[PDB]
Structures are given as structure tokens and as C-alpha cells.
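Here's a solo chain for you in C-alpha cells, the form deposited in one PDB entry.
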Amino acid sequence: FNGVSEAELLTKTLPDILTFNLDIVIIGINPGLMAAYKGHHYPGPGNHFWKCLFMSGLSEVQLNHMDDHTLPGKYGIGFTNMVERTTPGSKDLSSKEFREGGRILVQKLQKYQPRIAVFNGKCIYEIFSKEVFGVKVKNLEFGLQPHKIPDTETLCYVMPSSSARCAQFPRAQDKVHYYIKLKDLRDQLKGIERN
């Protein structure tokens, strides 16, 4: 990574971009090597997050990782991760790391209380649900989850990971449907507040 060792990137962390009164908080799994390197969220040239944000209309123009600090103020979107530690892949993390992460995540969500907690990846919500709601469904599905963050009105919404790793949603286009439904849910919630 421009002469920067993998060993150096593994020690690096990615700061959260969180504020109060947010519509959405994107919760990633943990920082990848490129995110740790850049110090920005979803810089993966193949990661579908920014493409999907635009293709869905959640951003009116095409943005990139360098824009992530403007997302709270201009788009009502923030970022955090289930696990802070940088790894080359999601499977390099332990069960205890994820459950430590879940506990830390629920406290951050109870503080900032965004309208919607968006789990960027089914695997992290599977862990979160089990730990926080004590729920393990056989048929865990994407989309809105039937449980609010404890002691809040924050909804849980799950999407296929923006990572281009999963073959089941091979392209940004195959994930865009979930980002459109996320936008619609945000619009419904703001409309409920209005009336």
C-alpha cells in the first residue's frame, strides 16, 4: 500500500463519524486494510457502498470515501463498525471480539439514537440479534428487523455487505434494492414525525 506494511495497517483503527439527530448509522463489520490505510469509510475500489448510496438516491451525486465526514451534516448519515480492530478479512475475528463489539455498539446506539441502525452485513446482525435481543431465527432476512435498539426508538435494518466478496449479490446493482428500501423507510419515519 504505497510502501506501507500490512503489519502497520493492522495496528491502525478507523474513527467513527457519529452525531446526534442522525437518520442513519452505517455499521460495518470492521476496517479492512484499505480503510485503515486511508482513514476513511469504504475506500475499497470494488466496495459497493458509495456506488449504492448514489444509485439509490441516498446521495444526489456520486460520492467517495473522502466525503464521509460531510455525511452527518449534509445527508443525515454516520458510520461505525461492529469491531474496531483492522484485519485482512472478516473471518480473522473471534466470537468474543464480535460480542465485545456488540456491547460497545449498543451503548453507542443508545447514546446517539439515530432513526435507523443499518447493519452493513447479515453476519454482524446475526451476532448482534443473538447477543442483544436473545433471538436466533432460522430464517434471518435482510430489510427491517422487528426489534428496536433497547431503551430507544432506533430501528434495525440489515443489508448484504457492501463488500464485493459475496457472490450472491455479485454487483452494486444487486444490492441497490436494499438501499432504496432504506431511503423509503427513512422517508416514512420523517413523514410520521411531520403528521
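We number the residues from 1 along the sequence you see. Basically, rigid core = biggest C-alpha set you can superpose within 1.5 Å across the two forms.
Separately, the form deposited in another entry exists; it is not shown, and the next lines address it.
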property: Large Cα shift (2 Å or above) at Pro88 between this form and the one not shown, core-fitted; result: yes
property: Rigid core superposition, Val132 Cα moves 2 angstroms or more between this form and the one not shown; result: yes
property: Change in CA distance between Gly89 and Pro43 in that other deposited form, which is 3 Å or more, as closer or farther; result: farther
